[PDB]
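Next up: a single chain in structure tokens, the form deposited in one PDB entry.
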């Protein structure tokens, strides 16, 4: 029988008012011969009927991937409302139900620290500009970099690591040409998280 994966909305989507978050319910292994899928969406046991079905994609491995997406309210998802997808199909004995929701647990606001490149690193072409983000919960976060107005794309950010106080932390590393750093350019670390004032904050970091 088919399988069903329930995905949370994208963090920048729940966190920014300008963006529209959505819970995505995905049903794979849908048979070439009973591809009819019925959906029943619920919000805390309460049923809701405003969901949309994305067009059928044939996977070329003999099965269909059937997806139904449901918009969620920024305020409903942060408060912690549980979302439960229910998939039925002639090829599937009892209907299948799955449920997601904002990680449970008191949200903890992140402290953000920007650590300059160590003296020993100034021999290489490019230096490493570090951002420490620690002590947050949930782990769902967004972090990017920019320099006077303009975004700096050359960086890699670690997956959130479970710290020992129950919260999460991470590091973002921005690499810039040593010169840029040597000549007083200012670099800002933008962090976007549920438990921040206005779910946002930037930190400075120049020489």
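Under this definition, the rigid core comprises the largest set of C-alpha atoms superposing within 1.5 Å between the forms. Numbering follows the first chain given and starts at 1.
Beyond the structure shown, there is the form deposited in another entry, which is absent from this document and is the topic of what follows.
Core-superposed comparison between the shown form and the other one: CA of residue 75 displaced by less than 2 Å.
With the core held fixed, residue 176 shows a CA shift of 2 Å or greater between the shown form and the other one. Taking 2 Å as the criterion, residue 87 does not count as shifted between the shown form and the other one: its C-alpha moves by less than this amount when the rigid core is aligned.
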